[PDB]
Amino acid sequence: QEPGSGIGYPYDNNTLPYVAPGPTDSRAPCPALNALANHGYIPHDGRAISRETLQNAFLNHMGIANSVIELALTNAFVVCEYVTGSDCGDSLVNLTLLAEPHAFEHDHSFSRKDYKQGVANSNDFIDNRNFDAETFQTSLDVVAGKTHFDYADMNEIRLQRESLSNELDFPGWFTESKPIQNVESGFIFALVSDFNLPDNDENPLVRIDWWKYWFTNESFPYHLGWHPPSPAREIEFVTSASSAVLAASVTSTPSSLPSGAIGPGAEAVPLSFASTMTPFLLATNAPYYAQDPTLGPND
């Protein structure tokens, strides 16, 4: 928000306004990075981004400590080298390359379509990067009629998403990605769980309106009483939440689930790609921005 608005005070004392991305701006498959870029906490054009830029942006404007993004930074730069063909040093070329499929970007996302979702031909691909309202609605419908959801609910959501993706993706494309997705499940609990409840650290409950605002608008739900977590969330919270999601009991099992879908997931680790492997072509779509309604500087 505008620095003088005081909307972030006293959790964020140095805010910048929301600015919608233009047609030439680079955006990510990540709702967090997109929100940061929309506010210029990382470059608004989504290009040439250093580790420290990202660390400071997450810590000072989102209440997310350095520990939370340590692996994410490692993987971002691995994907950058893979996509571009050369070492990206400490300048991430752009955000768009992060939508390289079967890498950091993965299938059965909460709010994005899959790279080969519903395509009639093997070589075809679609926008697996921009926010997709229809996809996100499939996630929200699992918790329809609710204001909050827990670990068990999140587990049901990711299962529903896995089921839908396995059915809709071109035969052979679907690849389960529990370790990455459920770090991201942990991310959701870290950012938009209801810290106003007395037991937030034992059984954090996500506020659905906060989640919906963040994802749909790619800006921060301050108007709904949200603020950056204080103290900043640490990696321990995230991986514990991740483990708790996958450990939660399933009361409704979707069909067409991949093998081993229900149960614990592997620890997320650094990505690696063969030097001979050519990257998949990136979707070229203009960056998404909210239009119903469009957002003002303080939204």
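Start at 1 with the first residue shown and count on from there.
Original post:
Do the C-alpha atoms of 149-157 or of 97-105 have the higher average B factor in the entry?
Top reply: Higher mean C-alpha B-factor: 149-157.
Original post:
As stated in the PDB record, which stretch has the larger average Cα B-factor, 166-174 or 183-191?
Top reply: Between 166-174 and 183-191, it is 166-174.
**OP:** Have a look at 203, 128, 217, 111 and flag the one whose Cα has the highest B-factor in the entry.
**Re:** Comparing C-alpha B-factors across 203, 128, 217, 111, the top value belongs to 203.
Original post:
Whose C-alpha has the highest temperature factor in the PDB entry: 48, 269, 54, 64?
Top reply: The listed residue with the largest C-alpha B-factor is 269.
Original post:
Sorting the chain's CA B-factors, does residue 81 end up in the lowest, middle or highest third?
Top reply: Within its chain, residue 81 is a middle-third residue by C-alpha B-factor, going by the deposited values.
**OP:** Sorting the chain's modelled residues by C-alpha B-factor, tell me whether residue 90 ends up in the lowest, middle or highest third.
**Re:** Within its chain, residue 90 is a lowest-third residue by C-alpha B-factor, going by the deposited values.
Subject >> Entry-reported Cα temperature factor of residue 58, expressed as the chain third it lands in >> reply: For residue 58, whose C-alpha B-factor we compare with every modelled residue in the chain, the answer is the lowest third.
Original post:
Of the three thirds of its chain by CA temperature factor, lowest, middle or highest, which one includes residue 280?
Top reply: CA B-factor rank for residue 280: highest third.
**OP:** Divide the modelled residues of the chain into thirds by Cα B-factor and specify which third, lowest, middle or highest, holds residue 238.
**Re:** Residue 238: CA B-factor falls in the middle third of its chain.
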